[PDB]
Amino acid sequence: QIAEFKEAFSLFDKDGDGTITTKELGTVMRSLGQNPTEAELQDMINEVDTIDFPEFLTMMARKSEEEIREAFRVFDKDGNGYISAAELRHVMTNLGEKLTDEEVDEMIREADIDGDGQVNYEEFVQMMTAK
Amino acid sequence: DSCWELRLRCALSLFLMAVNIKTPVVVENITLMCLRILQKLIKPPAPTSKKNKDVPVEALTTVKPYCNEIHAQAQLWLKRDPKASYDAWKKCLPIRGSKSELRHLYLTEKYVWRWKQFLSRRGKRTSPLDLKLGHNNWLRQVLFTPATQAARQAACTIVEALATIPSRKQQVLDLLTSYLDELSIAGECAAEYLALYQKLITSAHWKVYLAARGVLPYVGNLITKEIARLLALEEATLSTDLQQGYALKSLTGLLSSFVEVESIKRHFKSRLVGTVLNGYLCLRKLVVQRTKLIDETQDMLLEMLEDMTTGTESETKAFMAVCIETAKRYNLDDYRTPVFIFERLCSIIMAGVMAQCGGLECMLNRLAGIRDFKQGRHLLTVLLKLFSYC
Amino acid sequence: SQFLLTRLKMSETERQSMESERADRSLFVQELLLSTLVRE
Amino acid sequence: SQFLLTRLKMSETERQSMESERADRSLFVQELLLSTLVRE
Amino acid sequence: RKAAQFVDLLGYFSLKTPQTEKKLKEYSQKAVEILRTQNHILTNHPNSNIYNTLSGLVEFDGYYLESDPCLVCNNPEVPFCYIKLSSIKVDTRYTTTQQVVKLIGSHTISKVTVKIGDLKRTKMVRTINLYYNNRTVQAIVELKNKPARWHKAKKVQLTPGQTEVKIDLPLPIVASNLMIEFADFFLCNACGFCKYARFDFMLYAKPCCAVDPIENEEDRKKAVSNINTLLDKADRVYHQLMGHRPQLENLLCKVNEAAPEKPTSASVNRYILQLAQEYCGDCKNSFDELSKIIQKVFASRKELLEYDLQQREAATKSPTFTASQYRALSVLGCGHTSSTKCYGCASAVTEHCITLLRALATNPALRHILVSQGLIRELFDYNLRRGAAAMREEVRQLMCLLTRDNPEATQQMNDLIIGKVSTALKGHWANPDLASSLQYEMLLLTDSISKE
Ligand SMILES: [Zn+2]
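Right, dumping it as structure tokens:
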């Protein structure tokens, strides 16, 4: 598996110095069968950063419950452990999406099994693990 | 006007109902008009407002399409589905607008996408299509139609406009690359399509991306197949074709374009020397079915061979090995190509490497196969010269 | 030129609105055409 | 005139029969046409 | 169009030989399959629309919008003609007892009639020797050299007092320069005036496309360079010819509208005049030049290939072939094949198919098998409206014959006619061309009824 990544890195290596530019970073794993997003790309640039082979391999190896916990923390701005419809509306507005009050309420309600009209950490964990 | 959607639906229904008919009268009288309508709708007139005198069309949209999904669905739209209308589609797109902010945006977008996917999977929300383009469609039919050139030009403009954001451009380039094998069947009618393709890969990173996907062996195989067909036709008949060598010329030009830049030239030289050398020899064999296009193809192939044969010792040894490999297949009766191979070897002289690769027995058998002197003076001279060199 | 019937203007803000609407109509037609080329 | 395929007679009794049959066909067509002009 | 006699004999023999039902079924299947394939080729041809529209407006002989020129259609059978030698002359030189002449180009000479006027008893010619060669030179004195560069053609002896002599050539000769020698018994060395007699020459010749032969290596190099020049010129002319198509399609689109225009040979619609001028005026000239250059290239290639074969054989002589293998290998079987995408050749094949099917249908059993193949619908849908008027009438006759005594076939044909007429008459009110494009269906009905 390392051979394909090495071949792609070398093929995208311009000056032959074993290092590439971050402007072409998305194209390297775009050619490998994976499809990233722009936000993913800026996040990957932020995490590491010109990239050499070791950092590229580290990035590829990470292509965890810590991520789910961080997402839950980002969703619950107040830190109260409960995701209200207001918090979801604020998150959607920040992301740029447009939604109705009825649609968001229905989304929250369909995300609750306990009938309390609220999202818990266990509920989000179960929703994420649904296959 | 405000009823534009119904007119567009009529035009698109007529287009898709009459896009697969090969008769030239239908292409000229129905498909061309729908293509022109679609081309006018896709590419609107340049803005005249004082603020927007400079910015292009892409800078004017109030919504931003998603990277890896298509929300518009033509199958339901053509059946007058209220849930797949223009306003419904526009309502599903987001309005155009430190490390922690980047992270938070990343996870919010990702898990909101997952939440929406689950909602569509269990509930009633419509599921967007995936951006994976099929390789057989009406697009190949329209792009190479010999009925009329204007239809090809309009289709080229449409597909050029379809590739603006790189997420769509990747798929568009993949489909166009898949359409590469139509060059031989539709020799001159492809003149437009090529002009589009070269424009879409005019940047270096797109060429490198296509090279990483394995396009160089594809073009090489196409070139060898075309040269073999040319040789077979030359052997049998004596017809004249004013378009002979167009497809081979175009494919060789495309290969040279792929090779000109440094990275793929350095990487892919070890796999392309045999193809180019064999093609050059086979083209040089032509004596009657020879045109100007074939002459230019031979010249460019020779230039490519000269360019690739410059490097370190390992690459020179590999080139010698493949040169002996191509010398092996040629029979013992022809006295032209081995002369070229051996004078090339003596010019590059290396003297002991064929002892390691085992090419000595090849030239020993070459000496053993000579039964005449009048017709084999050049081969004997070059073989003796290289034997004294070695 | 003396016929009255043959003689039977737009501000700037509505010009901006029209250009924007042209942009979204172009984008919608692009996505509609892309939808018909998906793999089946 | 040398083509063979371009060259690819009737007695008197069958001529009489043909003329008679023509007569009855004419009469039948006459009556058929008269049938469409009746009162309604 | 070369296979008229072949299909004639095939139809006759199939009609005369009694055969099993399986052989008849196979034969009918082959005929119908060829017909269907040619119809499919014709209806999808890229130039089909242009030719179909042009047929009813202008009068044109050939199809001058073909990408690959067809050797069969480019090579008609040209007959011999009587040409006076002075009309094709270019340069001449006289000596004491010989005359050397050069022509404009190559010619296939068959007979020479020589006339004598103002003869005197002092001296006349007893033996005339004819010499010819096909090597093009710029100066006559250069070719004046006697022994090496001439070929014997004919020696003719004359009775005393002869006035006209008929030098016949058993085999026609392809010549560019000629020489006449007075062997047994005069001419001015500078001007060529003869006081004893006056000589006039006639030839039974026709224009010929041929090139100089190759004998050595520099001749091969000159041939290669000339062929490259001819290929370049042909490419330029071909591009100039194919550049005419967009204008032709624009004019066709404008003509199809048929808008009335306000203003007797000048009162015809201006767009029709432009169409005729564009097609029959410019495309025809470009096509003729292209055909000439293609013929020259073909002749040069044939000469070069023959020289290469001879040289290879000479080198190898320092394998028996049967009679058919010799023809297959040699240059004899090289120039009698039509291009694959040719409109005229497909039309000719459809004509032959119609003729053969008309011959075959005269057998009742073959008629039943053909109607079982589904020939009536194919003829109704494709060949009723395409071709010359004679072909259309022949197709009508064949369709009438196929239903001669078959109630089912007659019902099928009547159903087709009635359905088309009703469908057209439904929308006749909103479009009169529907009502005016029923002439062939009604002609078919008239022809079927008129045959008792
Ligand atoms: Zn032809």
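Residue numbers (the entry's author numbering), protein chains in the order written: chain E, 9 to 57, 63 to 76, 82 to 149; chain A, 3983 to 4079, 4088 to 4339, 4475 to 4515; chain C, 289 to 296, 300 to 331; chain D, 289 to 296, 300 to 331; chain B, 3463 to 3647, 3698 to 3775, 3788 to 3842, 3849 to 3982. For each residue, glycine too, the CB sits at the ideal point set by N, CA and C.
Residue pairing of A:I4052 in beta bridges, as defined by DSSP: A:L4119. B:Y3795 places its beta carbon less than 8 angstroms from that of B:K3766. Neighbours of D:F291 across chain B, judged by C-beta separation under 7 angstroms: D3470.
8 angstroms or more divides the Cβ of A:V4162 from the Cβ of A:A4151.
Note that the C-beta distance between A:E4182 and A:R4142 is below 8 angstroms. Residue pairing by DSSP puts B:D3712 in a beta bridge opposite B:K3577.
Residue-level contact check: A:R4158 touches chain C, since one or more beta carbons of chain C fall below 8 angstroms from its beta carbon. Straight across, the Cα-Cα distance linking B:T3557 with B:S3815 is about 40 angstroms. C:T327 has a beta carbon lying within less than 8 angstroms of a beta carbon in chain A. Look at B:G3917: its beta carbon is at least 7 angstroms from all of the heavy atoms in ligand 1.
Closer than 8 angstroms to the CB of B:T3870 there is not a single CB belonging to chain D. A:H4094 and E:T27 have their C-alpha atoms roughly 29 angstroms apart. Here the residues close to ligand 1, judged by CB distance below 5 angstroms to any of its heavy atoms, are B:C3532, B:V3534, B:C3535, B:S3868, B:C3872, B:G3874, B:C3875 in chain order. As DSSP reads the structure, A:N4490 sits in no beta bridge. Rounded to whole angstroms, the Cβ separation of B:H3507 and B:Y3803 is 17 angstroms, and the two are not in contact under 8 angstroms.
Across the stretch 3576–3606 of chain B, no CB contact with chain D closer than 8 angstroms is found for any residue.
Here DSSP, grouped into helix, strand and coil, assigns E:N54 to helix.
Against chain B, a Cβ distance below 7 angstroms from D:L296 picks out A3889, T3892. Contacts between E:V109 and chain A, judged by CB atoms closer than 8 angstroms, involve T4098, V4102 in chain order. Under DSSP, E:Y100 takes part in no beta bridge, so it has no partner.
Taking a Cβ-Cβ cut-off of 8 angstroms, the neighbours of A:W4105 in chain E comprise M125, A129, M145, given in sequence order. Excluding the 5 residues flanking it on each side, B:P3634 has same chain C-beta neighbours closer than 8 angstroms at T3570, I3571, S3572, in chain order. B:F3644 is bridged by DSSP to B:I3590. A Cβ of chain C is located within less than 8 angstroms of the beta carbon of A:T4043.
A:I4052 and A:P4118 do touch by the CB rule: their CB atoms are close to 6 angstroms apart, below 8 angstroms. Residue-level contact by beta carbon fails for B:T3880 and chain A, as no gap is shorter than 8 angstroms. Each residue's CA atom was taken as its position, placing E:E55 and E:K116 some 30 angstroms apart. Linking B:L3565 to B:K3616 through their CA atoms gives a straight-line distance of about 19 angstroms. The contact set of A:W4196 on chain C, defined by CB atoms closer than 9 angstroms, is empty, because the minimum CB distance reaches about 19 angstroms. Under the 10 Å beta carbon count, C:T304 is surrounded by fewer than 16 other beta carbons and is classified as exposed. Of all residues in the stretch 3798–3824 of chain B, only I3818, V3821, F3822 come within less than 7 angstroms of chain A when Cβ atoms are compared, listed by chain position. Using a 10 angstroms sphere on the CB of A:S4513, the tally of other CB atoms stays under 16, which defines it as exposed.
If the five residues before and after E:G34 are omitted, its C-beta is found closer than 7 angstroms to the C-beta atoms of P44, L49, all from its own chain and listed in chain order. For B:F3910 and A:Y4208, the gap between their C-alpha atoms comes out near 47 angstroms. Under the 8 angstroms criterion on CB atoms, A:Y4068 is classed as interfacial with respect to chain C.
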